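Structural features, examined
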Amino acid sequence: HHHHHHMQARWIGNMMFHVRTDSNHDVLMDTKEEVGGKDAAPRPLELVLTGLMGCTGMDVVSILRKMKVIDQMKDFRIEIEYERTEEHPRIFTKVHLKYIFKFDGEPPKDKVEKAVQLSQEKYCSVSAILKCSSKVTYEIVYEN
Amino acid sequence: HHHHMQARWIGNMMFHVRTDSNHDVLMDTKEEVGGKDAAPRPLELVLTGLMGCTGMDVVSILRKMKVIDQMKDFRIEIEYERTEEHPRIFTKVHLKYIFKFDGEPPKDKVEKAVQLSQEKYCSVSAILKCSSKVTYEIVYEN
């Protein structure tokens, strides 16, 4: 009895779309004025890439909380670096994710490496979604 | 940085992005998994973005073709199935392009617009992995 999930995006004029999520939150998308938009909200691709970053970020946070070392984590960010063709169909050719951490004291690197590998290789939180003509790459960076 | 974005964890299960376009995006989860339910889920943003990708194609092309002044309403509905066990994968994805036009809908042009977005630009299928081909349909309402 597989779950059927539904969402809807409504055009609200010009190039703007509004979604009310199942989680009951607003999402707006817009584009540049040059292509008919009002630059009043993020671009659709921006939401795609942001969502992908969120999928893996949530994994890592959850896992490190679980592994009881998140209390040492002062900062965490994800950076995505991509290449994508210009001619239609525009496809991702490279996707690289940086997981960048600031810990208080020596970082729990074995735990961090495990959380990231879990997200990337077991959960496949990015690769299970995003088509890319190379394997998604990632790295782990510690900042002081 | 060209073709580069970043998401910052700001506590609990919440992340903030400042887009290249200079807008805010927030993501969060349910309280049961450590979030504050104060923003959409990451996956909701993925699928929102995908619907917007094709939605803006459709709107741009209909405007180009000079029939958008006839269009009272336009929405995209996505229906999807995804497995539950890791690795979670999309198994079925169907998009409805749902239009309300004054008078007789410009059906040839709408089909062309949707076909271009789905089949030429591959605005969804270029991006989203699914175990079955992404399907779609056009619906007219009154």
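Counting of residues restarts from 1 for each chain and follows the sequence as written, so the numbers need not equal those of the entry; residues with no coordinates are not shown. A letter from A marks each chain and a number from 1 marks each ligand, given out in the order of writing. Note that water and hydrogens are dropped before the side-chain values are worked out from all heavy atoms of the structure. Residues with missing side-chain atoms are left out of burial classes, side-chain pairs and their counts.

Some details on the packing of helix α1 (residues 42-64) of chain B against helix α2 (residues 107-120) of chain B
All names here are of chain B. Structural elements are reduced to axes, namely lines fitted to C-alpha atoms, with helices fitted over the stretch in contact, and the angle between N-to-C directions of any two is expressed from 0 to 180 degrees. Secondary structure elements are taken from DSSP: a helix is a run of H or I of four residues or more, a strand is a run of E of two residues or more, and numbering for both begins at the N terminus. Orientation of α1 relative to α2, taken along the N-to-C sense of each, is 140°, at an axis distance of 9 Å. Classified by the angle their axes make, α1 and α2 are oblique. Helix-helix and strand crossings are classified by hand; for α1 and α2 the assignment is right-handed. Residues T54, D57, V58, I61 and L62 of α1 form the contact with α2, whose participating residues are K109, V110, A113, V114, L116 and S117. Ten residue types, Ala, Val, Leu, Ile, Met, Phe, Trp, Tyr, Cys and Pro, are classed as nonpolar, four, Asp, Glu, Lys and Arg, as charged, and the remainder, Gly among them, as polar. Its residues assigned to classes, the contact of α1 with α2 comprises seven nonpolar, two polar and two charged. Angle categories are assigned with fixed cut-offs, so that under 35 degrees is roughly parallel, over 145 is roughly antiparallel, 65 to 115 is roughly perpendicular, and the rest are oblique. Here is the rule for handedness: rotate from the far helix to the near one, and if that takes an anticlockwise turn smaller than a right angle the crossing is left-handed, while a clockwise turn gives right-handed. Contact definition: two residues touch when any of their heavy atoms are within 4.5 Å.

Comments concerning unusual backbone geometry
Each neighbour pair has its own omega, and for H88 of chain A with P89 of chain A the value is -10°, a cis peptide bond. In this structure, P89 of chain A sits in the loop between β4 (73-84) and β5 (92-103). A cis amide bond, omega -5°, links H86 of chain B with the succeeding residue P87 of chain B.

A short note on the domain arrangement of chain A
All names here are of chain A. An automatic or database domain assignment provides the domain bounds reported here. Segmentation of chain A into domains returns domain 1 (1-42) and domain 2 (43-144). Of note, the centres of domain 1 and domain 2, computed from C-alpha atoms alone, are 24 Å apart. Taken together, the contact between domain 1 and domain 2 spans nine residues of the former and four residues of the latter. By buried area we mean the combined loss of accessible area, with a 1.4 Å probe, across both parts when two parts are placed together. For the domain 1 and domain 2 pair, buried surface summed over both sides reaches about 470 Å², with 63% attributable to carbon and sulfur atoms. Close ionic contact of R43 with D39 constitutes a salt bridge, the shortest N to O distance being 2.8 Å. For this document, the term salt bridge refers to a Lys or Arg side-chain nitrogen within 4 Å of an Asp or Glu carboxyl oxygen.

As for the pattern of salt bridges
Following the criterion strictly, the structure yields 13 salt bridges over all chains and no others. Each of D75, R77, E79, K102 and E143 of chain A takes part in one network of salt bridges that share partners.

Focus: the sheet that holds β4 of chain A
Pairs of strands are assigned from DSSP output, requiring at least two bridges between the strands. The strand order across the open sheet formed by six strands is β6(A)-β5(A)-β4(A)-β1(B)-β2(B)-β3(B), and the pairing between neighbours is mixed. Only two strands of the sheet have a single partner each, and these edge strands are β6 (137-142) of chain A together with β3 (24-27) of chain B. When strand polarity is set aside, the average angle formed by the axes of neighbouring strands in this sheet is 20°. Here eleven bridges tie β4 of chain A to β5 of chain A, and the two strands are oriented antiparallel to one another. In the sheet register, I80 of chain A faces β5 of chain A, and the bridge partner there is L97 of chain A. This element, helix α1 (residues 44-66) of chain A, spans β4 and β5 of chain A together with β1 (4-11), β2 (14-18) and β3 of chain B of the sheet and lies at about 145° to β4 of chain A.

A short note on α1 of chain A
The span expected for a helix works out to 1.5 Å for each residue beyond the first. Between its first and last C-alpha atoms α1 of chain A spans 33 Å; for 23 residues at 1.5 Å apiece the expected length is 33 Å, and the two agree. Categorising residues by exposure relies on relative accessible area from a 1.4 Å probe, with only protein chains included: less than 20% of the type maximum marks a residue as buried, more than 50% marks it as exposed, and the intermediate range marks it as partly exposed. With 20 of its 23 residues buried, α1 of chain A lies for the most part within the structure.

Structural notes on the packing of aromatic side chains
Stacked, tilted and edge-to-face pairs are distinguished by plane angle, under 30 degrees for stacked and over 60 for edge-to-face with tilted covering the rest, among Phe, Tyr and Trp rings (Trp via its six-membered ring) whose centres lie within 6.5 Å. For the structure shown, the criterion picks out 14 aromatic pairs over all chains. Judged by centre distance (6.5 Å) and plane angle (10°), the rings of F76 of chain A and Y99 of chain A are stacked. One end of the pair, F76 of chain A, is in strand β4; the other, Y99 of chain A, is in strand β5, and 23 residues separate them in sequence. The two residues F76 of chain A and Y99 of chain A agree in class, both being buried. Summarising the aromatic geometry, the rings of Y80 of chain B and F90 of chain B are spaced 5.5 Å apart at their centres and angled 50° between planes, so their arrangement reads as tilted. With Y80 of chain B in strand β4 (residues 71-82) and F90 of chain B in strand β5 (residues 90-101), this pair connects stretches of sequence that are ten residues apart. For the pair formed by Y80 of chain B and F90 of chain B, the shared burial category is buried. One aromatic cluster is present, built from ring pairs that chain together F17 of chain A together with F74, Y97, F99, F101, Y136 and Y140 of chain B.

Things to note about the domain arrangement of chain B
Residues and elements named next belong to chain B. Domain assignment breaks chain B into domain 1 (1-40) and domain 2 (41-142). Using only C-alpha atoms to locate each centre, domain 1 and domain 2 end up separated by 25 Å. In this assembly, nine residues from domain 1 lie in contact with four residues from domain 2.

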